[PDB]
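Only one chain is shown below, in structure tokens, and it's the form deposited in one PDB entry.
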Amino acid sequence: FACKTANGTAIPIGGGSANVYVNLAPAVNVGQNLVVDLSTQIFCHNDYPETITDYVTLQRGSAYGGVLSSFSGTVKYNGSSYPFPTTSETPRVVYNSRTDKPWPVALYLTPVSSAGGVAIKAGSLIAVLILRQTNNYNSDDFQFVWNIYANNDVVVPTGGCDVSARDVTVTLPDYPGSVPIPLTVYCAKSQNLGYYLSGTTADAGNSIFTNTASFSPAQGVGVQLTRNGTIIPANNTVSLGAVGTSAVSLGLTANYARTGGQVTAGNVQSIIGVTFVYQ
């Protein structure tokens, strides 16, 4: 019995450990979020299937690691769901072929927010899984330890809802002018959703975001967001109604807005936060 990965390493007869670097594509689902499906990443086979049956379990103590180690969730093993981190060993999966076949493990995360996320840097540890292998022939009892790493920079969603993008950059026409902001949100199941903006503002109305450009800044102008013409102040919750599986645009537009005094030539930049809430 031996196992291999989709990203070029393996563990031979007798077990051992390996570092698995996975290109993550997490997704929200109803009541739990997929962090990683390893059934495309880890494959195992039986070396003498005519005369030996191999038994494979997920061993207790399998858990999230690194920046995810505080999170709990569930693990789907061979079609059934168990609490994760694992407090008890799963039932057995039988391997009875020389053909390498999936280790059927998928890790999920219990939602904690509306639409927030954890930003994961490429190369970060996300989980440690213990594959236990026995057979019906001798007393072999081996551990195949899979250390799961993010291969890519990614955001793991922690909410019931997810967004088309986490980091949006738009370019205004030269002053004066406006530009639409592409940003949509959807939820695994229908949710009553709102959002509010965050940032530093220049005006007594708390609605013109300061020009924080670092090189050759203009003076006298900031950035103001509107929704169909209505100004959005900071820390003022806008309702999106009921948001379901179809993506809903926030309908945001960026504008220049004067902050007082002489307007001078130069660059303009504002960084604005968007945060979702359940209503």
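Start at 1 with the first residue shown and count on from there.
Chemist: Looking at the entry, does 84 to 92 or 163 to 171 show the higher mean C-alpha B-factor?
Modeler: Going by the record's values, the stretch with the higher mean is 84 to 92.
Chemist: Comparing 199 to 207 with 143 to 151, which has the greater mean CA B-factor as deposited?
Modeler: Taking the mean B-factor of the alpha carbons in each, 199 to 207 is higher.
Chemist: According to the deposited entry, which of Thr40, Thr212, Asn46, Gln32 has the largest Cα B-factor?
Modeler: Out of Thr40, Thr212, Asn46, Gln32, the record gives the largest C-alpha B-factor to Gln32.
Chemist: Would the CA B-factor of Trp103 place it in the lowest, middle or highest third of its chain?
Modeler: It belongs to the lowest third of the chain when residues are ordered by C-alpha B-factor.
Chemist: Going by the CA temperature factor in the PDB record, which third of the chain does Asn136 belong to: lowest, middle or highest?
Modeler: Highest third.
Chemist: By the recorded C-alpha temperature factor, relative to the other modelled residues in its chain, which third is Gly241 in?
Modeler: Highest third of the chain for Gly241's C-alpha B-factor.
Chemist: Based on the deposited C-alpha B factors for this chain, I'd like to know if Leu225 is in the lowest, middle or highest third.
Modeler: Lowest third - that is where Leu225 ends up once the chain's C-alpha B-factors are sorted.
Chemist: Give the position of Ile52 by CA B-factor within its chain, expressed as the lowest, middle or highest third.
Modeler: Within its chain, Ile52 is a middle-third residue by C-alpha B-factor, going by the deposited values.
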